[PDB]
Structures are given as structure tokens and as C-alpha cells.
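This report refers to the structure that appears directly beneath it.
What follows is calculated from the coordinates using simple rules that are stated; it is not laboratory data. Don't worry about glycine lacking a Cβ; one is built from the backbone with ideal geometry, like all the others, and counts go over all protein chains shown.
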Amino acid sequence: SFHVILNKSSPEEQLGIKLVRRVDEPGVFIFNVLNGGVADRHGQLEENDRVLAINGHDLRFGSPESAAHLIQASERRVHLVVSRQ
Amino acid sequence: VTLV
């Protein structure tokens with residue numbers, strides 16, 4: 001896995017990532033990265049990347065809804081632990 | 001999908 005740090009300019013700012021679950025395997029996955037958003041401008045994240053944790057909260061067997069809640073909860077810093085096939 |  002690897003580390004990605006994204007910073008929100010305001011607490012309600014979205015990262016511009018759509019997350020999905022899959023019927024056939026556990027995990028929270030990147031469906032797409034919105035053009036011009038925080039994640040796109042940072043540049044590292046790719047579609048199909050798996051989000052393993054956000055700010056130290058485990059998402060290996062978690063849900064996109066939990067991910068959204070955790071991303072919102074941070075005032076600014078969003079530390080993602082990510083894996084890529 | 002869930003937007004974050």
C-alpha cells in the first residue's frame with residue numbers, strides 16, 4: 001500500500017472522488033476522479049485504487065458511506081492509505 | 001456511487 005495526503009481548503013469541500021463497493025469482493029474502490037477537483041489536482045489517485053484507511057480509520061472491510069463520513073469529519077487533512085493492482 |  002501507499003500513502004496519499006489530500007487537503008481540503010474548507011471543511012465541507014469534497015475531494016472530487018466517487019467511491020463504490022463491489023458485490024464480489026470486499027473493499028472501497030475509486031470509481032472515478034472528478035476533473036479539476038482536489039484529488040485530480042493532486043494527481044496520484046487512479047480509478048480502481050482501493051481505499052484501505054482514512055485518517056487511521058480502517059476501511060479494508062468498510063463502506064463508501066463510512067469513507068464519506070470520515071472525509072467530512074476532518075477539518076482539512078485527509079490521509080488515505082491506498083492499494084493498487 | 002458515493003461522492004466524497
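Rounded to the nearest 10 degrees, what's the angle between the helix A:64-73 long axis and the longest principal axis of chain A, both from Cα atoms, 0 to 90? Helix A:64-73 and the main axis of chain A meet at about 20 degrees.
Excluding A:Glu46 itself, calculate the net charge of residues whose Cβ lies under 15 Å from the Cβ of A:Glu46, where each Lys or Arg counts +1 and each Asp or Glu counts -1.
For residues surrounding A:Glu46, the net value is +1.
Per-residue ellipticity at 222 nm from helix content only, as computed over the protein assembly as shown with -39500 (n - 2.57) for each DSSP H run of at least four residues, stands at -4500 deg cm²/dmol. Each other residue within a Cβ distance under 12 Å of A:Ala73 adds +1 if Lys or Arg and -1 if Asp or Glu, for a net charge of +1. From largest to smallest, the equivalent ellipsoid semi-axes obtained for chain A from the alpha-carbon gyration tensor read 18, 14, 12 Å. Rounded to whole numbers, the Karplus 3J(HN,Hα) couplings from phi for segment A:46-54 are 10, 4, 6, 4, 9, 8, 8, 6, 10 Hz, using 6.51 cos²θ - 1.76 cosθ + 1.60 with θ = phi - 60°, and x at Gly and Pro.
As a length-normalised measure over Cα pairs under 8 Å and 6 or more apart, the relative contact order of chain A settles at 39 percent. Neighbours of A:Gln85 by Cβ distance under 12 Å: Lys/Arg scored +1, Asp/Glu scored -1, total -2.
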